[PDB]
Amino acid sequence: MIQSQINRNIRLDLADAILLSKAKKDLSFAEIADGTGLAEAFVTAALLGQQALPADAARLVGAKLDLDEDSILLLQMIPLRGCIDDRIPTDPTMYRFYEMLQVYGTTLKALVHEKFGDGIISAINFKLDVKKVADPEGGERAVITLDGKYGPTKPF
């Protein structure tokens, strides 16, 4: 039977324990996700309390991190999502993505409406990936792809 959470702190506290174990074993997120059949971004989000893992995935990652049974079960719960402590991130790495919204948010709105119509780009029927690409002028770039279904707003 599906199970769900109502207070994010239980899974965020689990996330912290996970991260300590991960550090102690010197694991990467890529290796934790290996063997689950699920994308790195998805599995990582689950560990960090933002997604639910299927039972087999939860058992796999649970073994890798030496998690107790309650933790493995907690990983299967539908989370109370929301990773940002207090609405606006303080962390520079997280903050840049918020800044992308402060600069381009209305442009995204305008261009969504022009290209698709009234409605939204989904954050649920949605996937994300992060790719590293050499910058021709020197150094490295992140190409982050947000891929969401268009959901139209129609009269009724």
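All residue numbers are counted from 1 along the displayed sequence.
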Item to check | Average Cα temperature factor in the PDB entry - higher stretch of 23-31, 102-110 | outcome: 23-31
Checklist outcome for this item: With B-factors read from the PDB entry, the higher C-alpha mean of 126-134 and 64-72 is in 64-72
Checklist entry - Which has the highest CA B-factor per the PDB entry: 120, 41, 58, 88? => result 58
Checklist outcome for this item: Entry-reported C-alpha B-factor of residue 8 relative to its chain, by third, is lowest
